[PDB]
Structures are given as structure tokens and as C-alpha cells.
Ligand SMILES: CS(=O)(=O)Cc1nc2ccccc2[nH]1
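Form solved without the ligand, single chain, as C-alpha cells, below.
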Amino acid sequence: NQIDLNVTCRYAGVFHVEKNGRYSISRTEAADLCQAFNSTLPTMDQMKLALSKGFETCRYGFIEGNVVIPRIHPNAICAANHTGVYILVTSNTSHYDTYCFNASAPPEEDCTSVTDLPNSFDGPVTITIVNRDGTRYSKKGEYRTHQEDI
């Protein structure tokens, strides 16, 4: 019973989380996952500020209200070469990665590793935070509050 959470640097508190190396998070699970990081889904304004501080990914993820990809540099295989906060308009499907916003993070780029999942609850799952530099932090717990996600 294992979940891996790959996390990015934070930019103005905003970061990206990918579950188990594939698009696999529902909107309800996304909210719960951010809550486990003492975080919330970012607003569009929070995401725009993060983008301005250097945040970009090549992955769709939830924010409050939309599914987006922040892009700084045009790349043909990331958000169809767009820059800015690219908003997904048309999709059949419901599972993506997520973004999260931590108000207590530093104001600009924080590329230190994440070494805690401070608001996980008691549970049976081995949850492993995986940083981009490979450093890991694991704990037994749960974060999902909706049965249809479990």
C-alpha cells in the first residue's frame, strides 16, 4: 500500500505534485492532497505570481477552478508552444496532477527539498515524498477523505 508524490521547487509558495508518476489525481483528491501539505489549490493570481518568479512545468494540474500548465519558455511539446498560465479548455478526462500553494513558503524561488507531510492523517499507506534531486521522505498515513478516490 504505497503512494509516491513527486514534488517541485516552490515559487511564491506554489508547487507541482504528481502522484505515482502518472496523471492520476481527481479534483477531490487534489484538494485533499494539498491539505496534507498544509496547502490549498492555488488561485489563478497566485499561479501567475509563481510563474513570474520562475515557475514552469510540462504537466497539466489543478488549480482552483481550472486545469493549467505554467509556461515560461515556448516548447512545442508543452502546452502547444504557449507561454503564460496555459488553461486546458477541452478534455474528455478528469484526472491530472495538482498544484498546491503554501502561504508559509518563501516569497520567491525555493528549491530546497520537501522533507515533511505535516498534515497527513493516521492511515495504512506508505506515502513517499520524492524530490527532483531524489531525496525522499516517507511516512505511514492517509490524506484522502473521499471514498471514490480510495
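Numbering starts at 1 and follows the sequence shown.
FYI, the form solved in complex with the ligand isn't displayed, but the following is about it.
- The pocket of the shown chain is open, since the ligand, superimposed from its pose in the deposited bound form, puts no atom within 2.4 angstroms of any backbone or C-beta atom.
- Proximity of residue 138 to the ligand in the deposited bound form: non-hydrogen atoms within 4.5 Å are absent; the residue sits far from the partner.
- Contacts of stretch 126 to 150 with the ligand in the deposited bound form, defined by any heavy atom lying within 4.5 Å, are made by 127, 141, 142, 143, 144, listed in sequence order.
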